[PDB]
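Here's the structure, in structure tokens; my notes come after.
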Amino acid sequence: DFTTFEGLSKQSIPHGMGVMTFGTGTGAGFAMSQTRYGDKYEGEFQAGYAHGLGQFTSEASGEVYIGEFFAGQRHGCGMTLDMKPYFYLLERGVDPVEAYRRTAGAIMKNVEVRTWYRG
Amino acid sequence: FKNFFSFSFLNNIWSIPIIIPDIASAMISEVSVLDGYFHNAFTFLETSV
Amino acid sequence: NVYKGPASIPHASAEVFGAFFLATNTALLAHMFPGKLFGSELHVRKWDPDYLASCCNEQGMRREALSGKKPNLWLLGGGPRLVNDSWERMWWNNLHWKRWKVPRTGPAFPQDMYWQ
Amino acid sequence: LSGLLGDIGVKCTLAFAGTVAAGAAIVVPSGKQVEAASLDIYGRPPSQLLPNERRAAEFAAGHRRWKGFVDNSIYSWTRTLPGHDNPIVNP
Amino acid sequence: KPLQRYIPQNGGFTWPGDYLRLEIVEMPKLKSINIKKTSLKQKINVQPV
Amino acid sequence: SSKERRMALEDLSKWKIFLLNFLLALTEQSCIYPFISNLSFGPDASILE
Amino acid sequence: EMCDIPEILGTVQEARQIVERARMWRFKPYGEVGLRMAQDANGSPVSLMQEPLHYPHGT
Ligand SMILES: CCCCCCCCCCCC
Ligand SMILES: CCCCCCCCCCCC
């Protein structure tokens, strides 16, 4: 399904640290509806699950999550950003400096800090 | 045998052009602006001496 | 004095067999111990094919760019196949060449010495 | 030279070449791809077809020719004689 | 028992897109015409869906 | 070499001697003492750069 | 028990370290992902500068 994984592995299962890019479908214990084509998870893996500390990035939607994961779901402290306007301006031919200058304040104001329990 | 005899193997392709994608089509998630003045899209003019 | 067969049919000497035997044994011994062959080792090749291809591509692209034309990259194995199903099939030749990187370069026998 | 024909390898190579030549004579189509195969299997002119589709059309035409030959020439001759008691494996 | 290892492997006997469609699997085929008394020579095993 | 053919050298023999080494220079041959035949008096990894 | 602001800040600070350390397994020189997912604008494969001995184009 073009889902790719690069990182440490025990036996044949992802184990340790690594980066996983999602294609069609899902992986690393994530729900089928959470991911899209091109999203990535970087951080700790354990028994094929995104378990530990990590960061989830979605280029299509702009959501960025940094923090704790248990099993395959968010569980612990986390920080959420919505960089959608920056990507929107970047994809429309605007140089990164100008897009950052335009959309830094709104993104900084909407930074969220949260505690998650079983997703 | 027809390909071997007709000299049609001289039309084989071995080379392709390389085109650099712009920042719009690149990994925009990797591009980040530092201090509001620089970014990570590195492009230097090959070798200048 | 003995017949030893007709002279029309070629005969192989014993020196060639002795040389073959000693050469095989010495090749195995030299492969086993990399650092003992007069302080040096035994190499199958001089330059890796990928290194030569990269150098040649670099020089060719430099020459083409300086001449005022868009450079081209020559692929080891062959070019693309005009197909509309899957990306792997389109670039099967270059992928086939690149997938043999480890077996082509590295030796099959263990690199170091064990039990001694 | 009869000396070449004396060797077994030359005879085997000649037999293989003759078999290949006969097969190509009896199965290679000509003008039946666009007429029958291409329009039937893709409904498009052979020129507009992808390179991997033209080969499929040619293979279909050749297979049709092979079946026609094996039915109209060999099987009619060998089946004019009816079932001659049809020996079967006893054990 | 020897442990199974889940490593994706590269194409063989077919292009990566498809699978072996014409593989022969031993399962009886049923004729639409009713057969009053004729053993299938191979039981269909688990009958219900 | 094993058959030990010895005779006065003609032009054809000399050209055979030339051609043997000329063709052998285009293949991968066993090399003793590496890391010394690959040295170069310059800021490079070999002499081909 | 809900995390407070210092705990969340420390968790993010450590998570960034973890992500940076994990991003070092991302572009294995000769691997399937690197060979099949590193493409130029037209989608053709590119020769990534990851040779152990060759540093071309004044790099
Ligand atoms: C092995 C079959 C192809 C060999 C071709 C060698 C020379 C290619 C020259 C191409 C010029 C356009
Ligand atoms: C050497 C064995 C094959 C030689 C004959 C080739 C048969 C196909 C020829 C087709 C010509 C139109």
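Heads up, the Cβs are rebuilt from the backbone with ideal geometry, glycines too, and the neighbour counts pull from every protein chain shown. Quick note: the coordinates plus some simple rules give every number you see, no bench work behind them.
Rounded to the nearest 0.05, what FRET efficiency do F:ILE32 and D:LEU14 have when you use their Cβ-Cβ distance and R0 = 60 Å? Spell out each step's value before the answer.
Numbers: r = 49 Å, r/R0 = 0.82.
Here the calculated transfer efficiency is 0.75.
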Given 10 Å bins starting at zero, what is the percent of C-alpha pairs of chain B in each, up to the one with the largest pair distance?
-> 16, 26, 20, 13, 15, 7, 2
Between the alpha-carbon centers of region E:1-27 and region A:75-119, tell me the distance in whole angstrom.
-> 44
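According to the square roots a ≥ b ≥ c of the eigenvalues of the Cα gyration tensor, what is the shape class of chain D, taking rounded for a/c under 1.5, prolate for a/b larger than b/c otherwise, and oblate for the remainder?
Working: a/c = 2.82, a/b = 1.25, b/c = 2.26.
Judged from the Cα gyration tensor, chain D comes out oblate (a/c at least 1.5, b/c at or above a/b).
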Listed with the fewest Cβ neighbours within 10 Å leading, E:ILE33, G:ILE5, D:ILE41 appear as E:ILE33, G:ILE5, D:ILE41
Hits among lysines - C-alpha to C-alpha of E:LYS41 under 19 Å, sequence gap 8 or more where chains match | E:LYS29, E:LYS31
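Considering all projection directions equally, how large on average is the shadow of the alpha-carbon convex hull of region A:61-119, in square nanometres?
Details: hull surface 17.5 nm².
It is 4.4 nm².
Give me the percent of Cα-Cα pairs in region C:67-116 that sit more than 12 Å apart, rounded to a whole number. Could the numbers behind the result be given before it?
Details: 911 of 1225 pairs.
Roughly 74 percent, once rounded to a whole number.
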Could you let me know the centre-to-centre spacing of chain F and region C:66-93, using Cα atoms, in angstrom?
-> 35
Per residue, what volume in Å³ does the Cα convex hull of chain G take up?
-> 177
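I'd like the FRET efficiency for D:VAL70 and F:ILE47, computed as 1/(1 + (r/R0)^6) with the beta carbon distance as r and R0 of 45 Å, rounded to 0.05. Don't skip to the end; give the middle numbers.
Working: r = 65 Å, r/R0 = 1.45.
For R0 = 45 Å, the calculated efficiency reads 0.10.
Per residue of F:26-39, what is the mean number of Cβ atoms on other protein chains within 10 angstrom of that residue's Cβ?
Details: counts 0, 1, 7, 4, 7, 8, 7, 7, 6, 3, 1, 2, 4, 0.
If you average over the peptide's residues, the count of other-chain Cβ atoms is 4.
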Per-selection Kirkwood Rh - chain F (Cα, Å, 1 d.p.) | 14.4
Angle in degrees between helix G:5-22 and the longest Cα principal axis of chain G, rounded to the nearest 10 | 20
For a label point 7 Å from the Cα of G:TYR30 along Cα→C-beta, name the residues of region A:1-22 whose backbone N is under 13 Å from it.
-> none
Rounded to a whole number, the mean other protein chain Cβ count within 10 angstrom for residues of A:10-18 is 3
Point-to-point label distance, E:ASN34-D:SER30, nm (Cα→Cβ direction, 7 Å offset) | 5.7
Between B:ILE20 and G:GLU51, what is the spin-label point distance in nm, taking each point 7 Å from the Cα along the Cα→C-beta axis?
-> 2.0
Treating the angle as unsigned and between 0 and 90°, give the value, to the nearest 10°, between the Cα long axis of helix C:14-32 and the longest Cα principal axis of chain C.
-> 50
Computed over the Cα atoms of chain E, what is the convex hull's projected area averaged over all directions, in nm²?
-> 7.5
proj_area_mean for region A:3-72 (convex hull on C-alpha atoms), units nm², value 4.0
Residue among C:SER54, C:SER13, C:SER40 with the largest mean-square fluctuation in a Gaussian network model of chain C, springs linking Cα atoms under 10 Å | C:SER13
Whole-number Å³ per residue for the convex hull built on Cα positions in chain C | 312
Using only Cα atoms, find the angle between the long axis of helix F:11-24 and the longest principal axis of chain F, and express it within 0 to 90 degrees, rounded to the nearest 10.
-> 30
By average Cβ neighbour count within 10 Å, what is the ranking of A:100-110, C:1-11 from highest down?
-> A:100-110, C:1-11
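I'd like the FRET efficiency for A:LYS84 and C:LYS101, computed as 1/(1 + (r/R0)^6) with the beta carbon distance as r and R0 of 45 Å, rounded to 0.05.
It comes to 0.65.
Over the Cα atoms of the protein assembly as shown, what is the Rg over Rh ratio if Rh follows Kirkwood? Walk me through the numbers on the way to the answer.
On the way: Rg = 33.9 Å, Rh = 32.0 Å.
Taking Rh as the inverse mean 1/r over Cα pairs, Rg/Rh reads 1.06.
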